[PDB]
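Only one structure is covered here, and it is reproduced in the block below.
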Amino acid sequence: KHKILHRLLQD
Amino acid sequence: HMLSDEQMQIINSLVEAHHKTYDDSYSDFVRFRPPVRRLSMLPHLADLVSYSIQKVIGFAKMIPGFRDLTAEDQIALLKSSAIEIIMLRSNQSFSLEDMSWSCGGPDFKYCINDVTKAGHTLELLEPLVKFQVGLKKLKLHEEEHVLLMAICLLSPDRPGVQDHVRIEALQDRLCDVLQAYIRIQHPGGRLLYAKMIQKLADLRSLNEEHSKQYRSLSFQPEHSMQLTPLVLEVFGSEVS
Ligand SMILES: CCC(CC)(c1ccc(OCCCC(=O)NO)cc1)c1nc(C)c(CC[C@H](O)C(C)(C)C)s1
């Protein structure tokens with residue numbers, strides 16, 4: 001769930 | 001009658017974060033599905049909004065304290081506020097002269113009729129434009145514009161947020177910065193802070209109406225298929 005949000009929130 | 005070192009740092013951080021996530025050249029617009037002027041503008045505006053969500057996420061990650069929140073609270077804040085941050089940051093391209101959003105060339109100049117061709121009605125677009133001209137008339141400094149965006153994003157009073165006290169403390173710090181900034185640096189800004197807080201209240205009403213119209217849109221698969229995976233995730237109803 002929220003696959004893209006989680007990715008984009010990483011750095 | 002002076003800003004502190006920590007307050008000045010917060011302003012510099014937020015202004016830099018905004019410059020890193022807002023492209024004054026609008027040069028990525030040519031990579032969206034083109035405008036067509038059925039919901040002929042839906043592909044182009046879906047891509048515009050998807051791009052905008054990515055920038056809003058990039059801005060959020062540079063808000064002091066935001067990255068220290070739990071992943072669940074970060075998502076909860078973004079899902080509830082993204083549409084409001086998009087409405088706020090669209091004000092930079094809004095023009096009082098013809099009540100439209102000019103993002104570069106004539107192909108990326110949007111009026112109310114264009115957004116109706118993406119599935120929205122005047123029940124949203126009439127208040128949206130009145131919101132934009134009233135916000136434009138405020139003539140916000142860049143510092144104030146980015147602070148209002150960060151204050152909107154760090155609102156603890158959204159569904160799904162868990163650490164209300166930490167998020168409110170972060171939002172309180174930003175409001176104190178905004179109030180001090182308007183005091184020292186904005187001449188004739190006696191009533192400006194209250195006008196900006198009122199704008200945050202207008203945005204909740206716009207948020208509500210847009211969510212109504214987005215649900216009606218995205219429940220029809222022939223339209224939801226024109227959206228992007230990021231739009232579907234962020235504007236969708238899933239909960240962590
Ligand atoms: C009406 C104004 C406009 C569209 C013209 C807008 C949005 C973002 C803008 O972004 C400026 C530049 C960003 C940049 O340059 N970033 O770096 C400028 C204008 C929108 N407003 C809302 C609320 C919209 C909702 C979309 C809708 O829900 C569906 C796509 C699902 C149908 S579309």
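FYI, nothing fancy with the structure tokens labels: chains A, B, ... in order, residues from 1 per chain, ligands from 1 as they appear.
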
So which residues touch residue 10 (chain A) within 10 Å, counting only C-alpha atoms, skipping near sequence neighbours fewer than 5 positions away, as a PDB file with C-alpha atoms, in the first residue's frame?
ATOM      1  CA  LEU A   5       4.555   7.519  -1.822  1.00  0.00           C
TER       2      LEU A   5
ATOM      3  CA  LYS B  61      10.775  16.385   2.750  1.00  0.00           C
ATOM      4  CA  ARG B  67      11.342  13.809   7.769  1.00  0.00           C
ATOM      5  CA  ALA B  71       6.233   7.335   7.469  1.00  0.00           C
TER       6      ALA B  71
END

Point to revise | Residues flagged helix (DSSP H, G or I) by DSSP in region 1-161 of chain B, as an NGL selection string | key: :B and (5-21 or 27-31 or 42-61 or 71-92 or 106-108 or 112-116 or 122-137 or 142-153)

Study note, to complete from the structure: Between CA of residue 160 (chain B) and CA of residue 77 (chain B) lies a distance of 8.2 Å

Point to revise | Selection as a PyMOL selection string: residues within 8 Å of ligand 1 by only C-alpha atoms and all ligand atoms | key: chain B and resi 21-26+42-52+55+83-84+86-87+89-94+100-101+103+109-112+114-115+118-120+125+128+210+213-214+217-218+227+231

Could the residues in this selection be written to a file with N, CA and C atoms, as a short mmCIF file (atom, residue, chain, number, x, y, z; two decimals), in the first residue's frame?
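Output saved as part11.cif:
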data_model
loop_
_atom_site.label_atom_id
_atom_site.label_comp_id
_atom_site.auth_asym_id
_atom_site.auth_seq_id
_atom_site.Cartn_x
_atom_site.Cartn_y
_atom_site.Cartn_z
N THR B 21 12.02 22.90 -6.00
CA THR B 21 10.86 22.11 -6.39
C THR B 21 9.84 22.93 -7.17
N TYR B 22 10.18 24.15 -7.58
CA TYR B 22 9.30 24.94 -8.43
C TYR B 22 10.12 25.49 -9.58
N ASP B 23 9.76 25.10 -10.80
CA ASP B 23 10.52 25.43 -12.00
C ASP B 23 9.84 26.62 -12.67
N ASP B 24 10.42 27.81 -12.50
CA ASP B 24 9.89 29.01 -13.15
C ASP B 24 9.91 28.93 -14.68
N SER B 25 10.64 27.97 -15.28
CA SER B 25 10.64 27.88 -16.74
C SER B 25 9.52 27.00 -17.29
N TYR B 26 8.86 26.22 -16.44
CA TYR B 26 7.75 25.35 -16.87
C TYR B 26 8.18 24.42 -18.01
N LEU B 42 -8.45 16.10 -19.55
CA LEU B 42 -8.08 15.23 -18.43
C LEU B 42 -6.67 14.65 -18.55
N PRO B 43 -6.23 14.11 -19.70
CA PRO B 43 -4.85 13.59 -19.73
C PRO B 43 -3.81 14.64 -19.34
N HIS B 44 -3.87 15.82 -19.95
CA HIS B 44 -2.85 16.83 -19.68
C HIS B 44 -2.90 17.28 -18.22
N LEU B 45 -4.10 17.54 -17.69
CA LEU B 45 -4.17 18.04 -16.32
C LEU B 45 -3.87 16.95 -15.30
N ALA B 46 -4.19 15.69 -15.61
CA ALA B 46 -3.75 14.58 -14.76
C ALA B 46 -2.23 14.55 -14.66
N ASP B 47 -1.55 14.71 -15.79
CA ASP B 47 -0.09 14.73 -15.78
C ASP B 47 0.43 15.96 -15.03
N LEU B 48 -0.17 17.12 -15.26
CA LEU B 48 0.24 18.31 -14.51
C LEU B 48 0.13 18.07 -13.00
N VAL B 49 -1.01 17.55 -12.55
CA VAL B 49 -1.21 17.33 -11.12
C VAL B 49 -0.26 16.26 -10.60
N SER B 50 -0.01 15.22 -11.39
CA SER B 50 0.92 14.17 -10.95
C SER B 50 2.32 14.75 -10.73
N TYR B 51 2.81 15.50 -11.71
CA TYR B 51 4.05 16.25 -11.58
C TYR B 51 4.05 17.13 -10.32
N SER B 52 2.95 17.87 -10.10
CA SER B 52 2.83 18.75 -8.93
C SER B 52 2.93 17.97 -7.62
N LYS B 55 6.52 17.30 -6.80
CA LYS B 55 7.18 18.48 -6.26
C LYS B 55 6.74 18.77 -4.83
N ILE B 83 -3.69 18.41 -2.26
CA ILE B 83 -4.51 19.23 -3.16
C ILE B 83 -4.48 20.69 -2.73
N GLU B 84 -4.41 20.95 -1.42
CA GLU B 84 -4.33 22.33 -0.94
C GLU B 84 -2.98 22.96 -1.26
N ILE B 86 -1.15 22.18 -3.78
CA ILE B 86 -1.19 22.40 -5.22
C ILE B 86 -1.94 23.69 -5.53
N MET B 87 -3.10 23.89 -4.87
CA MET B 87 -3.86 25.12 -5.07
C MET B 87 -3.05 26.34 -4.66
N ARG B 89 0.36 26.59 -4.49
CA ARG B 89 1.52 26.86 -5.33
C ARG B 89 1.13 27.20 -6.76
N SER B 90 -0.10 26.86 -7.18
CA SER B 90 -0.59 27.33 -8.48
C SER B 90 -0.79 28.85 -8.49
N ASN B 91 -0.84 29.50 -7.33
CA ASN B 91 -1.09 30.94 -7.31
C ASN B 91 0.04 31.71 -7.98
N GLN B 92 1.26 31.17 -7.97
CA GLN B 92 2.38 31.86 -8.61
C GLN B 92 2.14 32.08 -10.10
N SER B 93 1.54 31.09 -10.79
CA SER B 93 1.24 31.24 -12.21
C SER B 93 -0.11 31.88 -12.48
N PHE B 94 -0.92 32.11 -11.45
CA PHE B 94 -2.21 32.76 -11.65
C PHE B 94 -2.01 34.24 -11.98
N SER B 100 -6.52 33.47 -15.20
CA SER B 100 -6.06 32.19 -15.71
C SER B 100 -4.70 31.89 -15.10
N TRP B 101 -4.24 30.67 -15.34
CA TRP B 101 -2.95 30.17 -14.88
C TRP B 101 -2.06 30.08 -16.11
N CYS B 103 1.39 29.06 -17.46
CA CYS B 103 2.62 28.33 -17.17
C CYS B 103 3.55 28.28 -18.38
N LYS B 109 -1.52 27.68 -20.96
CA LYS B 109 -2.33 28.72 -20.35
C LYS B 109 -3.72 28.15 -20.11
N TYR B 110 -4.10 28.04 -18.84
CA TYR B 110 -5.33 27.35 -18.46
C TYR B 110 -6.35 28.34 -17.91
N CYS B 111 -7.57 28.27 -18.43
CA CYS B 111 -8.70 28.98 -17.88
C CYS B 111 -9.70 27.99 -17.27
N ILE B 112 -10.77 28.55 -16.70
CA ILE B 112 -11.81 27.76 -16.03
C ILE B 112 -12.38 26.71 -16.98
N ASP B 114 -10.99 25.14 -19.34
CA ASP B 114 -10.08 24.01 -19.50
C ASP B 114 -10.25 22.99 -18.39
N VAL B 115 -10.44 23.46 -17.15
CA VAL B 115 -10.58 22.53 -16.04
C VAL B 115 -11.94 21.84 -16.07
N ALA B 118 -11.64 18.69 -17.81
CA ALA B 118 -11.01 17.60 -17.08
C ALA B 118 -11.96 16.98 -16.06
N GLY B 119 -13.24 17.36 -16.06
CA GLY B 119 -14.23 16.75 -15.20
C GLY B 119 -14.68 17.57 -14.00
N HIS B 120 -14.28 18.83 -13.88
CA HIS B 120 -14.70 19.65 -12.74
C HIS B 120 -15.79 20.64 -13.14
N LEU B 125 -14.81 25.40 -9.36
CA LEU B 125 -13.95 26.34 -10.08
C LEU B 125 -14.29 27.79 -9.77
N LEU B 128 -12.62 28.36 -6.49
CA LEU B 128 -11.18 28.25 -6.68
C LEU B 128 -10.60 29.54 -7.24
N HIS B 210 -13.35 19.55 -4.06
CA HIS B 210 -12.53 18.80 -5.01
C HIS B 210 -12.60 17.30 -4.75
N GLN B 213 -15.76 15.96 -6.24
CA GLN B 213 -15.70 15.86 -7.69
C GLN B 213 -14.66 14.84 -8.14
N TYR B 214 -13.57 14.68 -7.38
CA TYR B 214 -12.60 13.65 -7.74
C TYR B 214 -13.18 12.24 -7.56
N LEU B 217 -15.38 11.48 -10.53
CA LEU B 217 -14.50 11.24 -11.67
C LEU B 217 -13.88 9.85 -11.61
N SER B 218 -13.21 9.55 -10.51
CA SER B 218 -12.38 8.37 -10.40
C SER B 218 -13.18 7.10 -10.15
N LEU B 227 -5.87 8.74 -15.38
CA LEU B 227 -5.08 9.30 -14.29
C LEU B 227 -3.71 8.60 -14.23
N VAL B 231 -1.30 9.93 -8.82
CA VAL B 231 -2.56 10.61 -8.52
C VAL B 231 -3.53 9.65 -7.83
#

Find the residues of chain B in contact range of chain A, meaning any atom within 9 Å when counting only C-alpha atoms, and list them as an mmCIF file with N, CA, C and O atoms, in the first residue's frame.
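Saved result, out-v3.cif, follows:
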data_model
loop_
_atom_site.group_PDB
_atom_site.id
_atom_site.type_symbol
_atom_site.label_atom_id
_atom_site.label_comp_id
_atom_site.auth_asym_id
_atom_site.auth_seq_id
_atom_site.Cartn_x
_atom_site.Cartn_y
_atom_site.Cartn_z
ATOM 1 N N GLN B 54 4.565 15.234 -7.039
ATOM 2 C CA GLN B 54 5.982 14.917 -6.859
ATOM 3 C C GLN B 54 6.758 16.093 -6.281
ATOM 4 O O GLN B 54 7.609 15.912 -5.405
ATOM 5 N N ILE B 57 5.795 16.636 -2.612
ATOM 6 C CA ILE B 57 6.496 15.655 -1.784
ATOM 7 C C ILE B 57 7.945 16.070 -1.577
ATOM 8 O O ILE B 57 8.510 15.897 -0.490
ATOM 9 N N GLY B 58 8.592 16.570 -2.634
ATOM 10 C CA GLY B 58 9.964 17.008 -2.482
ATOM 11 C C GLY B 58 10.078 18.204 -1.559
ATOM 12 O O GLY B 58 11.042 18.315 -0.797
ATOM 13 N N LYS B 61 9.606 17.054 2.178
ATOM 14 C CA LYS B 61 10.775 16.385 2.750
ATOM 15 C C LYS B 61 11.834 17.362 3.242
ATOM 16 O O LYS B 61 12.694 16.978 4.041
ATOM 17 N N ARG B 67 10.750 15.123 7.983
ATOM 18 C CA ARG B 67 11.342 13.809 7.769
ATOM 19 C C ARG B 67 11.513 13.029 9.065
ATOM 20 O O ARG B 67 11.666 11.804 9.018
ATOM 21 N N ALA B 71 6.663 7.435 8.855
ATOM 22 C CA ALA B 71 6.233 7.335 7.469
ATOM 23 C C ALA B 71 4.720 7.455 7.371
ATOM 24 O O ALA B 71 4.199 8.106 6.461
ATOM 25 N N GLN B 74 3.712 11.082 7.694
ATOM 26 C CA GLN B 74 4.063 11.844 6.495
ATOM 27 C C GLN B 74 3.048 11.605 5.389
ATOM 28 O O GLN B 74 2.602 12.547 4.724
ATOM 29 N N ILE B 75 2.670 10.341 5.184
ATOM 30 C CA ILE B 75 1.669 9.992 4.179
ATOM 31 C C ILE B 75 0.326 10.623 4.525
ATOM 32 O O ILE B 75 -0.334 11.233 3.674
ATOM 33 N N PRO B 229 -0.658 6.577 -11.804
ATOM 34 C CA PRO B 229 -0.605 5.809 -10.551
ATOM 35 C C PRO B 229 -0.374 6.675 -9.315
ATOM 36 O O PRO B 229 -0.926 6.365 -8.255
ATOM 37 N N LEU B 230 0.425 7.742 -9.415
ATOM 38 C CA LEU B 230 0.677 8.598 -8.253
ATOM 39 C C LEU B 230 -0.572 9.369 -7.849
ATOM 40 O O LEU B 230 -0.887 9.459 -6.659
ATOM 41 N N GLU B 233 -2.911 6.982 -6.067
ATOM 42 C CA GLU B 233 -2.446 6.673 -4.724
ATOM 43 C C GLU B 233 -2.711 7.833 -3.771
ATOM 44 O O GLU B 233 -3.263 7.645 -2.682
ATOM 45 N N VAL B 234 -2.347 9.045 -4.175
ATOM 46 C CA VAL B 234 -2.353 10.170 -3.245
ATOM 47 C C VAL B 234 -3.773 10.672 -3.010
ATOM 48 O O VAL B 234 -4.167 10.937 -1.869
ATOM 49 N N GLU B 238 -7.235 4.718 0.304
ATOM 50 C CA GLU B 238 -6.535 3.737 1.126
ATOM 51 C C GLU B 238 -5.974 4.392 2.385
ATOM 52 O O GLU B 238 -5.572 5.559 2.375
ATOM 53 N N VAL B 239 -5.930 3.625 3.475
ATOM 54 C CA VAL B 239 -5.361 4.089 4.737
ATOM 55 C C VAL B 239 -4.252 3.135 5.158
ATOM 56 O O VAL B 239 -4.343 1.923 4.939
ATOM 57 N N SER B 240 -3.207 3.690 5.763
ATOM 58 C CA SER B 240 -2.074 2.908 6.248
ATOM 59 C C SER B 240 -2.471 1.962 7.376
ATOM 60 O O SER B 240 -2.908 2.403 8.435
#

Exercise for review: Among the residues of region 7-104 of chain B, find those DSSP assigns to strand (DSSP E) from the backbone and print them as a PyMOL selection string.
Suggested key: chain B and resi 94-95+100-102

Exercise for review: Considering only C-alpha atoms, state which residue in the set B:141, B:152, B:207, B:108 is at the smallest distance from residue 33 (chain B).
Suggested key: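 Checking each candidate against residue 33 (chain B), we get B:108 as the closest.
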
Considering only C-alpha atoms, return as a PDB file with N, CA and C atoms, in the first residue's frame whatever protein or nucleic-acid residues lie within 8 Å of region 13-16 of chain B, sequence-local ones (same chain, fewer than 3 positions apart) excluded.
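Output below, filename part.pdb:
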ATOM      1  N   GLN B   9      16.965  30.744   9.891  1.00  0.00           N
ATOM      2  CA  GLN B   9      17.328  29.471   9.278  1.00  0.00           C
ATOM      3  C   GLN B   9      16.114  28.775   8.674  1.00  0.00           C
ATOM      4  N   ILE B  10      14.992  28.768   9.398  1.00  0.00           N
ATOM      5  CA  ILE B  10      13.785  28.100   8.916  1.00  0.00           C
ATOM      6  C   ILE B  10      13.307  28.744   7.624  1.00  0.00           C
ATOM      7  N   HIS B  19      12.504  26.767  -4.135  1.00  0.00           N
ATOM      8  CA  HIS B  19      13.209  26.987  -5.393  1.00  0.00           C
ATOM      9  C   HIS B  19      13.668  25.675  -6.017  1.00  0.00           C
ATOM     10  N   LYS B  20      13.936  24.656  -5.197  1.00  0.00           N
ATOM     11  CA  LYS B  20      14.392  23.365  -5.682  1.00  0.00           C
ATOM     12  C   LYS B  20      13.265  22.508  -6.236  1.00  0.00           C
ATOM     13  N   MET B  62      11.804  18.609   2.781  1.00  0.00           N
ATOM     14  CA  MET B  62      12.752  19.618   3.232  1.00  0.00           C
ATOM     15  C   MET B  62      12.151  20.573   4.255  1.00  0.00           C
ATOM     16  N   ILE B  63      10.915  20.340   4.686  1.00  0.00           N
ATOM     17  CA  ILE B  63      10.367  21.110   5.799  1.00  0.00           C
ATOM     18  C   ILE B  63      11.054  20.634   7.071  1.00  0.00           C
ATOM     19  N   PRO B  64      11.695  21.542   7.850  1.00  0.00           N
ATOM     20  CA  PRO B  64      12.328  21.138   9.117  1.00  0.00           C
ATOM     21  C   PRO B  64      11.409  20.325  10.013  1.00  0.00           C
ATOM     22  N   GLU B 142       7.763  36.034  -1.112  1.00  0.00           N
ATOM     23  CA  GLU B 142       8.143  34.636  -1.293  1.00  0.00           C
ATOM     24  C   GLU B 142       8.242  33.922   0.048  1.00  0.00           C
ATOM     25  N   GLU B 143       8.863  34.580   1.043  1.00  0.00           N
ATOM     26  CA  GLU B 143       9.006  33.983   2.369  1.00  0.00           C
ATOM     27  C   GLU B 143       7.654  33.601   2.959  1.00  0.00           C
ATOM     28  N   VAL B 146       5.976  30.527   1.015  1.00  0.00           N
ATOM     29  CA  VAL B 146       6.502  29.210   1.368  1.00  0.00           C
ATOM     30  C   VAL B 146       6.140  28.846   2.804  1.00  0.00           C
ATOM     31  N   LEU B 147       6.076  29.832   3.714  1.00  0.00           N
ATOM     32  CA  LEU B 147       5.669  29.533   5.087  1.00  0.00           C
ATOM     33  C   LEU B 147       4.220  29.050   5.141  1.00  0.00           C
ATOM     34  N   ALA B 150       4.097  25.507   4.030  1.00  0.00           N
ATOM     35  CA  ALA B 150       4.598  24.596   5.052  1.00  0.00           C
ATOM     36  C   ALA B 150       3.640  24.506   6.231  1.00  0.00           C
TER      37      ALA B 150
END

Review point. Separation of CA of residue 198 (chain B) and CA of residue 126 (chain B), in Å?
Key: 17.8 Å

Review point. What does the distance from CA of residue 60 (chain B) to CA of residue 153 (chain B) come to in Å, to one decimal?
Key: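 CA of residue 153 (chain B) lies at a distance of 7.4 Å from CA of residue 60 (chain B).
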
Practice item. Find, counting only C-alpha atoms, the residue in B:179, B:4, B:132, B:228 that gets nearest to residue 192 (chain B). Key: B:179

Practice item. Find the spatial neighbours of residue 181 (chain B), counting only C-alpha atoms, within a cut-off of 9 Å - ignore same-chain residues fewer than 6 positions away - and output them as a list in words. Key: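 Non-adjacent residues within range: residues 2, 3, 7, 143 and 144 of chain B.
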